[PDB]
Amino acid sequence: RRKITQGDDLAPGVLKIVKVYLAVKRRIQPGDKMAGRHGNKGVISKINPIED
Amino acid sequence: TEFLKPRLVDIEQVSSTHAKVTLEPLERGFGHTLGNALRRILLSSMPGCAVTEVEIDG
């Protein structure tokens, strides 16, 4: 609790800093760069449905 | 579930050479299920007539 109560001092002057986290999921889409361990590279042209 | 109804069929037509059937709407994979299905029909099976054999009497 000591660490929780007084361990919040950050920078001289600005002792009150509010840090907010913003989680943003980023997916795979036409334009992503995919590769392999072996060295081959690649960029998805048009991710087609599994129908094709 | 929802469904779509094919409308706005803008038939670009020229007498006998070609017809270009413009038409909406098609979700991902329908201009395929239909387009390729039609070319399949037009290269393999279309009940019509033609000359099967010709003997040149000469």
# chains A, B, ... in the order shown; residues from 1 in each chain; ligands from 1

$ interface_residues --of "chain A" --to "chain B" --cutoff "12 Å" --atoms "only C-alpha atoms" --output "list in words"
residues 47, 48, 49, 50, 51 and 52 of chain A

$ select_by_dssp --residues "chain A" --states "alpha helix (DSSP H)" --output "mmCIF file with C-alpha atoms, in the first residue's frame"
data_model
loop_
_atom_site.group_PDB
_atom_site.id
_atom_site.type_symbol
_atom_site.label_atom_id
_atom_site.label_comp_id
_atom_site.auth_asym_id
_atom_site.auth_seq_id
_atom_site.Cartn_x
_atom_site.Cartn_y
_atom_site.Cartn_z
ATOM 1 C CA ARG A 2 2.959 2.299 0.635
ATOM 2 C CA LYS A 3 4.147 1.706 -2.935
ATOM 3 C CA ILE A 4 0.583 2.268 -4.159
ATOM 4 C CA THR A 5 -0.011 5.473 -2.185
ATOM 5 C CA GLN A 6 3.253 7.417 -2.560
#

$ select_by_dssp --residues "chain B" --states "strand (DSSP E)" --output "list in words"
residues 11, 12, 13, 14, 18, 19, 20 and 21 of chain B

$ residues_around --residues "residue A:29" --least-positions-apart "6" --cutoff "10 Å" --atoms "only C-alpha atoms" --output "MDAnalysis selection string"
chainID A and resid 43:47

$ atom_distance --atom1 "atom CA of residue B:18" --atom2 "atom CA of residue B:34"
18.5 Å

$ residues_around --residues "residue B:7" --least-positions-apart "6" --cutoff "12 Å" --atoms "only C-alpha atoms" --output "count of residues only"
6
